[PDB]
Protein chains: 4
Amino acid sequence: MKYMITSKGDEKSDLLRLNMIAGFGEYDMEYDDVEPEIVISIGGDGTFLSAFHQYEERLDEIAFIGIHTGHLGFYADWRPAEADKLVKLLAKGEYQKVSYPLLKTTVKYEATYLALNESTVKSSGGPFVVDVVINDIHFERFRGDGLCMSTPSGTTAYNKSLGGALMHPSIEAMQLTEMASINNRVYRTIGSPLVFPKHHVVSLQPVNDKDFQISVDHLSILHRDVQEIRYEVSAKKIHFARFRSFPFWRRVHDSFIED
Amino acid sequence: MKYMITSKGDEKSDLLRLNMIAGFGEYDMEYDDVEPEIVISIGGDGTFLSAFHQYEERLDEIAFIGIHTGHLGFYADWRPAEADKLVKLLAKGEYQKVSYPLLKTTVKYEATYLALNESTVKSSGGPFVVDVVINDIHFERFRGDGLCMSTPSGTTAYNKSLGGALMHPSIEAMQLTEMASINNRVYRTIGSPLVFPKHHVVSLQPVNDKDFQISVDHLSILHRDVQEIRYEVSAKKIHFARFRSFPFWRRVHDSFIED
Amino acid sequence: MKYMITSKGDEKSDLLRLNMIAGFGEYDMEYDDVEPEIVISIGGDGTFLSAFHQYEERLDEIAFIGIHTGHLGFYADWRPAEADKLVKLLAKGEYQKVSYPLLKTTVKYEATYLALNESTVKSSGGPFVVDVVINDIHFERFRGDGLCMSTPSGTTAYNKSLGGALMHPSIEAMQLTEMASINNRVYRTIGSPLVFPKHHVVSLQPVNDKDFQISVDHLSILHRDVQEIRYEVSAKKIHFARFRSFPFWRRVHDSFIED
Amino acid sequence: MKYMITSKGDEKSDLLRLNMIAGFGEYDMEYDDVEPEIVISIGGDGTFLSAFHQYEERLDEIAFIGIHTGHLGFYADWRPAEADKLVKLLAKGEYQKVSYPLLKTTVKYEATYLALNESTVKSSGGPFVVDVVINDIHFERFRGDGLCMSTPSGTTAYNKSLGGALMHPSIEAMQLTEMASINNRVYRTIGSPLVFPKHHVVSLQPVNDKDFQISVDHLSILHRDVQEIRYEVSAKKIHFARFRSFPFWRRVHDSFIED
Ligand SMILES: Nc1ncnc2c1ncn2[C@@H]1O[C@H](COCC#Cc2nc3c(N)ncnc3n2[C@@H]2O[C@H](CO)[C@@H](O)[C@H]2OP(=O)(O)O)[C@@H](O)[C@H]1O
Ligand SMILES: Nc1ncnc2c1ncn2[C@@H]1O[C@H](COCC#Cc2nc3c(N)ncnc3n2[C@@H]2O[C@H](CO)[C@@H](O)[C@H]2OP(=O)(O)O)[C@@H](O)[C@H]1O
Ligand SMILES: Nc1ncnc2c1ncn2[C@@H]1O[C@H](COCC#Cc2nc3c(N)ncnc3n2[C@@H]2O[C@H](CO)[C@@H](O)[C@H]2OP(=O)(O)O)[C@@H](O)[C@H]1O
Ligand SMILES: Nc1ncnc2c1ncn2[C@@H]1O[C@H](COCC#Cc2nc3c(N)ncnc3n2[C@@H]2O[C@H](CO)[C@@H](O)[C@H]2OP(=O)(O)O)[C@@H](O)[C@H]1O
């Protein structure tokens, strides 16, 4: 099978990468970073997010694996000590796969993006006012610092810091959280996080300024003359190679409660 | 068809009830409060919750309808002015039905209950400490005022006041929120609301005191010698007669944003 | 000087108490639990709160000291290893004193209480609705689980779990936090914690039910036919014997950040 | 007396300004925008904030007055209908004055600023990590979107949207709130708002990046090679001309509860 390995670039991750390549050399496995069917990320969740976006046009043909050489990650959830066992079981194939939902972001001026964690919209220069439209009905006029739309696996990241709920990634949904909303006699927002099912479309529309900072995972670019930002659960999914059982709620416990 | 009408009991709801019965008398419709196939609640969401529990053993054979004679409700979402149109379309049948998920609560000392809004566990006398177990793995030791497990349609009720997310009721899930959790060098909880899919089981287990106040919707009873409280999405669903399109997110907007 | 020592009652605290009494026996110090001028609490913050209330009628004549035989406390902030040094410096006198503000609670049916942490008002049986009146002007009609009025040193306790601010105890103020307030088309509360200076009077007044559960620190009693609950910063203060410098913000850091 | 009037610049505020100048022309009152002793702001709270900063070097010699030609403001709290009565009572003098505390911000690379609402520190490009030091002791390493330090009268503004407490402006304090803090196995922050008395110094210190966006009220500038940001309650105060009794808590009620 064709495989590739990305590295955070520090000494630990690079040497683990070279060792796994050597281990793969003892099997019917070909290193190919153009059309791999297995993508191994060695580093942290940030390294994994970059590997996902490096290959987001071949998502249906790739099984992803994350190894954490630092603290436990939610995508980088296997320890370096297990790398030799990962080489053997990856080479045999026949492992199971698990799929997590993704967020589709459409920016009309169109450009479309996939997020594994979230997409956010923030004020560029000055106040941030957007009309929030849900399935073509005007829901609220938001004024504040910004808005965050999270995938299920993204709920443990930015979403969590904004008061959002943690959602098991088997649920096909997206979650919208507020950043420092104003509420007074003029403006009124819902306050609570909002959780949307598949096929629901949330549209952000400018009121005055048409320039915002729009993020998709780690990528953050200033977008000019934007007329609309549309969010919906993607029809595409990210696929993980299933090594063993590491339940989502145990990863939550190990990351935030104790380990 | 067999039908029954429950009333909040004030002048407005009682006379609307008598008028609808008279209107139903002009059709092939029989008043039966033992085995109705249509249950109409006239009052508020509290009146509707009582109608649901009056007939929770025949849920699969009943279509519920709520009329609000006060402010707009989330279950009582039709106005008294539409009552004559409701009589005509209910008598013809062939209306569509919509189903919302329910929460199954099991109390072991077993007793099982269904909630349309939520079930909560609170301290009876003294401090509240419970071990939270998710799918048989210990997740956290909670110390504080209590815990709330909400259905999707319950998310706009107690859940909302506790910081929970609002979830569209097409999502088959339950949501767990904390009430005033202690977090210091001794105890540690997740803080965030937790959203669980079907077939996930959340178990609350006593640490010292075995007496708690357990609520299911409006019913709140003191339960002695409790050994466990188990939550999971019910296999049963409540069925609403679908009169017209009143989207969930519009009901959210009308109730909390403006109307 | 007259002194007394209270104990949590476990083996550790009792034997530390007996050892300190023996150490005090080597000085001009008399054990008196009727009119002590020095009150030493050995246990935790709960033990200290009970010592404060045991002697709250002689607050102006007592310097309090707390020793924690378990985890660090905010009132019980000296370690057992320092007990022999505490005996020597307490016997000499001439130590400095520090004073923390207290909360005066008046319950009219009058009865008055002093709180070192907080006083709370909760629903007894059924819904909790109270009118909140600030300096005789109606501020809000609160509906929800209850309200909490905290001293500065209480802000790290119940107040913290309810989202309240942590206030340095040199500030003469009280802080009001909400417990699970309802906000919809009917009811409207401020949401935010409220911080009041001296001489401001916050009055809670019943709307329907006149029975509530009222707490003052660890004491919680059901109060019948209550017509009003009045909160204001007390003119009385608790006095601590100042052993050395242990800044409030360092106690916050050691308790909640790391130690 | 020397007076000046600033205007939001819309038709309503400009014509009200010209009418008040005409009214002042009937008294011993001289228009001077260089050394006024009375500064009248006509517009909203934003207009008032700009008037404060236009004259922040003569604060001890100026009494400020705010008139709101739109919705009620917290500084612009008098209605246009009262303008003719304001002219008469301002011309006589002998009115009372009320003083609100201010926040002193020191930026070391030094530059010092006064805030009437708040000062905030946010990430410029990339992640935001700062060490928080309280009275020279390291309190926490904050990672997240930013931090906000509010005056008492600022607590109803940005501070409120970030979960901060509302503080009566007679309290000489400042309040620190977090913006989307990360909390996991790596980082740990207090979470709660922090309220500091006079003479307490809160210092923000860079960890990696030394470039941040620093705001003081409406002014927001990018500051390069910053080594420290120091916050403390200013020794200076803003003085308002006291027209009549409009209590702070009533302004809170009228702005956020109902009016
Ligand atoms: N104010 C804010 N509060 C919270 N989060 C904020 C935030 N601003 C931005 N963000 C998040 O940063 C992401 C971009 O940085 C790469 C990443 C990531 C990531 N993914 C997850 C996830 N799914 N669950 C849990 N932790 C996750 N991290 C970890 O977040 C940290 C980096 O932020 C590191 O500890 C990562 O772990 P590691 O790389 O060290 O292993 C964005 O996508 C956004 O979510
Ligand atoms: N501290 C607390 N904060 C918030 N909620 C609290 C709460 N303690 C208890 N509860 C909720 O009470 C329920 C029991 O009272 C009957 C009901 C109901 C109900 N259902 C919903 C729903 N799905 N969405 C939105 N509003 C709903 N209400 C409305 O809540 C109010 C009554 O509480 C009335 O306005 C009801 O509207 P009406 O009857 O006047 O039409 C419990 O089940 C629990 O949820
Ligand atoms: N849902 C709730 N969330 C949070 N707090 C809640 C709460 N319900 C009630 N409460 C608080 O209990 C108090 C009554 O119990 C005695 C006490 C105390 C106390 N004082 C302080 C303080 N000033 N700062 C910080 N920790 C403090 N504790 C510690 O709280 C714990 C006991 O609750 C123990 O760890 C105590 O430490 P220790 O005894 O083990 O040393 C009430 O007064 C109320 O505040
Ligand atoms: N995410 C955010 N969430 C909340 N607030 C945020 C914020 N980002 C920035 N800010 C605040 O803006 C200020 C700069 O804009 C000028 C101002 C002001 C102001 N002062 C107060 C005050 N003391 N109490 C209550 N409302 C106040 N406003 C009103 O806020 C609105 C403008 O933001 C207008 O309604 C103002 O009213 P008006 O001008 O229409 O009369 C900053 O200083 C900061 O506080």
# chains A, B, ... in the order shown; residues from 1 in each chain; ligands from 1
>>> interface_residues(of="chain C", to="chain A", cutoff="12 Å", atoms="only C-alpha atoms", output="JSON, numbers by chain")
{"C": [183, 184, 188, 190, 191, 192]}
>>> residues_near_ligand(ligand="ligand 2", cutoff="6 Å", atoms="only C-alpha atoms and all ligand atoms", output="list in words")
residues 44, 45, 46, 73, 74, 117, 118, 153, 154, 156, 157, 158, 161, 217 and 218 of chain B; 144, 145, 180, 181 and 182 of chain C
>>> write_last_selection(atoms="N, CA, C and O atoms", output="mmCIF file, in the first residue's frame")
data_model
loop_
_atom_site.group_PDB
_atom_site.id
_atom_site.type_symbol
_atom_site.label_atom_id
_atom_site.label_comp_id
_atom_site.auth_asym_id
_atom_site.auth_seq_id
_atom_site.Cartn_x
_atom_site.Cartn_y
_atom_site.Cartn_z
ATOM 1 N N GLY B 44 -50.403 25.454 28.593
ATOM 2 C CA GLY B 44 -49.021 25.792 28.318
ATOM 3 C C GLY B 44 -48.186 24.540 28.154
ATOM 4 O O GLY B 44 -48.738 23.442 28.054
ATOM 5 N N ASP B 45 -46.859 24.685 28.121
ATOM 6 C CA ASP B 45 -46.003 23.508 28.028
ATOM 7 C C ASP B 45 -46.154 22.605 29.247
ATOM 8 O O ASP B 45 -46.048 21.379 29.124
ATOM 9 N N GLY B 46 -46.397 23.186 30.426
ATOM 10 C CA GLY B 46 -46.649 22.368 31.603
ATOM 11 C C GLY B 46 -47.887 21.502 31.460
ATOM 12 O O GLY B 46 -47.886 20.329 31.846
ATOM 13 N N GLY B 73 -45.677 28.304 23.495
ATOM 14 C CA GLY B 73 -44.949 27.194 24.062
ATOM 15 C C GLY B 73 -44.154 26.459 22.994
ATOM 16 O O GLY B 73 -44.346 26.644 21.793
ATOM 17 N N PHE B 74 -43.234 25.614 23.459
ATOM 18 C CA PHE B 74 -42.466 24.798 22.528
ATOM 19 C C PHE B 74 -43.192 23.514 22.163
ATOM 20 O O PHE B 74 -42.987 22.986 21.066
ATOM 21 N N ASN B 117 -38.841 16.369 28.753
ATOM 22 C CA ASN B 117 -37.913 17.475 28.950
ATOM 23 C C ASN B 117 -36.574 16.963 29.468
ATOM 24 O O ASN B 117 -35.569 17.010 28.749
ATOM 25 N N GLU B 118 -36.539 16.480 30.706
ATOM 26 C CA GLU B 118 -35.272 16.096 31.318
ATOM 27 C C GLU B 118 -35.538 15.306 32.591
ATOM 28 O O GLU B 118 -36.657 15.272 33.112
ATOM 29 N N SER B 153 -35.767 18.299 22.704
ATOM 30 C CA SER B 153 -36.802 19.302 22.943
ATOM 31 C C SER B 153 -36.743 19.853 24.365
ATOM 32 O O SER B 153 -37.237 20.958 24.611
ATOM 33 N N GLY B 154 -36.139 19.121 25.298
ATOM 34 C CA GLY B 154 -35.892 19.677 26.614
ATOM 35 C C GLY B 154 -34.766 20.691 26.667
ATOM 36 O O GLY B 154 -34.647 21.395 27.675
ATOM 37 N N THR B 156 -34.370 23.524 25.481
ATOM 38 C CA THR B 156 -34.802 24.909 25.638
ATOM 39 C C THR B 156 -35.363 25.202 27.026
ATOM 40 O O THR B 156 -35.783 26.335 27.282
ATOM 41 N N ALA B 157 -35.348 24.232 27.928
ATOM 42 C CA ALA B 157 -35.954 24.364 29.252
ATOM 43 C C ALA B 157 -34.840 24.419 30.299
ATOM 44 O O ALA B 157 -33.947 25.264 30.163
ATOM 45 N N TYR B 158 -34.866 23.574 31.339
ATOM 46 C CA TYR B 158 -33.845 23.586 32.390
ATOM 47 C C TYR B 158 -32.437 23.610 31.805
ATOM 48 O O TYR B 158 -31.585 24.399 32.230
ATOM 49 N N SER B 161 -31.078 27.032 30.963
ATOM 50 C CA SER B 161 -30.701 27.833 32.123
ATOM 51 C C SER B 161 -29.374 27.397 32.726
ATOM 52 O O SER B 161 -28.732 28.192 33.417
ATOM 53 N N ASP B 217 -39.267 15.378 34.390
ATOM 54 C CA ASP B 217 -40.142 16.474 33.960
ATOM 55 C C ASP B 217 -40.639 17.177 35.225
ATOM 56 O O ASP B 217 -39.817 17.512 36.089
ATOM 57 N N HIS B 218 -41.943 17.402 35.391
ATOM 58 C CA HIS B 218 -42.429 18.139 36.553
ATOM 59 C C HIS B 218 -42.487 17.294 37.823
ATOM 60 O O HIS B 218 -42.616 17.858 38.915
ATOM 61 N N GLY C 144 -36.161 30.887 39.057
ATOM 62 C CA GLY C 144 -35.079 29.937 38.874
ATOM 63 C C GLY C 144 -34.865 29.130 40.142
ATOM 64 O O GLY C 144 -35.772 28.981 40.955
ATOM 65 N N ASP C 145 -33.639 28.628 40.298
ATOM 66 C CA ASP C 145 -33.357 27.734 41.416
ATOM 67 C C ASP C 145 -33.045 28.479 42.710
ATOM 68 O O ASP C 145 -33.320 27.952 43.794
ATOM 69 N N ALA C 180 -29.378 29.203 37.971
ATOM 70 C CA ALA C 180 -30.256 28.674 36.922
ATOM 71 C C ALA C 180 -31.509 29.536 36.732
ATOM 72 O O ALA C 180 -32.640 29.097 36.941
ATOM 73 N N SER C 181 -31.287 30.780 36.322
ATOM 74 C CA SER C 181 -32.388 31.698 36.063
ATOM 75 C C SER C 181 -33.063 31.371 34.736
ATOM 76 O O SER C 181 -32.403 31.018 33.755
ATOM 77 N N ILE C 182 -34.386 31.486 34.712
ATOM 78 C CA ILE C 182 -35.131 31.378 33.464
ATOM 79 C C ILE C 182 -35.107 32.734 32.777
ATOM 80 O O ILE C 182 -35.274 33.775 33.422
#
>>> closest_residue(among="D:170, D:189, D:119, D:234", to="ligand 4", atoms="only C-alpha atoms and all ligand atoms")
D:119
>>> select_by_dssp(residues="range 23-93 of chain C", states="alpha helix (DSSP H)", output="NGL selection string")
:C and (23-24 or 45-54 or 83-92)
>>> residues_around(residues="residue 103 in chain D", least_positions_apart="4", cutoff="8 Å", atoms="only C-alpha atoms", output="number ranges by chain")
D: 114-116, 118-119, 150-151, 174, 231-234
>>> write_last_selection(atoms="C-alpha atoms", output="JSON list (two decimals), in the first residue's frame")
[["chain", "number", "residue", "atom", "x", "y", "z"],
["D", 114, "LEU", "CA", -6.20, 56.14, 31.22],
["D", 115, "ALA", "CA", -9.29, 54.07, 30.46],
["D", 116, "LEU", "CA", -12.87, 54.88, 31.44],
["D", 118, "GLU", "CA", -11.39, 49.04, 29.92],
["D", 119, "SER", "CA", -8.09, 48.05, 28.37],
["D", 150, "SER", "CA", -12.34, 46.89, 33.34],
["D", 151, "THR", "CA", -13.16, 49.90, 35.49],
["D", 174, "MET", "CA", -10.57, 46.92, 38.52],
["D", 231, "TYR", "CA", -2.71, 47.57, 35.20],
["D", 232, "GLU", "CA", -3.66, 49.38, 38.39],
["D", 233, "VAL", "CA", -6.49, 51.58, 39.62],
["D", 234, "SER", "CA", -5.59, 55.13, 38.68]]
>>> residues_around(residues="residue 197 in chain D", least_positions_apart="3", cutoff="7 Å", atoms="only C-alpha atoms", output="ChimeraX atom specification")
/C:168,171 /D:172-174,200
>>> write_last_selection(atoms="N, CA, C and O atoms", output="tab-separated table (two decimals), in the first residue's frame")
chain	number	residue	atom	x	y	z
C	168	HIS	N	-10.85	40.42	46.14
C	168	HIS	CA	-9.90	40.50	47.24
C	168	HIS	C	-10.62	40.92	48.52
C	168	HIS	O	-11.42	41.86	48.50
C	171	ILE	N	-11.77	44.49	49.96
C	171	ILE	CA	-12.88	45.25	49.41
C	171	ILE	C	-14.12	44.99	50.24
C	171	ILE	O	-14.54	43.84	50.42
D	172	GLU	N	-13.64	51.32	44.42
D	172	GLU	CA	-12.37	51.62	43.76
D	172	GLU	C	-11.66	50.31	43.46
D	172	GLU	O	-10.93	49.77	44.28
D	173	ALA	N	-11.88	49.80	42.25
D	173	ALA	CA	-11.38	48.48	41.88
D	173	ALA	C	-11.24	48.39	40.37
D	173	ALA	O	-11.66	49.28	39.63
D	174	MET	N	-10.61	47.30	39.92
D	174	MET	CA	-10.57	46.92	38.52
D	174	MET	C	-10.88	45.43	38.43
D	174	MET	O	-10.66	44.68	39.38
D	200	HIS	N	-3.11	47.30	43.99
D	200	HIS	CA	-2.72	46.03	43.41
D	200	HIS	C	-2.32	46.23	41.96
D	200	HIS	O	-2.97	46.98	41.22
>>> residues_around(residues="residue 222 in chain C", least_positions_apart="6", cutoff="10 Å", atoms="only C-alpha atoms", output="ChimeraX atom specification")
/C:121-124,211-215
>>> residues_around(residues="range 236-249 of chain A", least_positions_apart="4", cutoff="7 Å", atoms="only C-alpha atoms", output="JSON, numbers by chain")
{"A": [59, 62, 63, 64, 65, 95, 96, 97, 98, 99, 100, 101, 102, 168, 253]}
>>> select_by_dssp(residues="range 21-57 of chain C", states="strand (DSSP E)", output="PyMOL selection string")
chain C and resi 30-31+38-43
>>> residues_around(residues="residue 61 in chain C", least_positions_apart="4", cutoff="10 Å", atoms="only C-alpha atoms", output="ChimeraX atom specification")
/C:35-38,55,57,238-239
>>> atom_distance(atom1="atom 34 (C, counted along the ligand's line) of ligand 3", atom2="CA of residue 186 in chain B")
8.7 Å
>>> closest_residue(among="D:107, D:4, D:39, D:76", to="ligand 4", atoms="only C-alpha atoms and all ligand atoms")
D:76
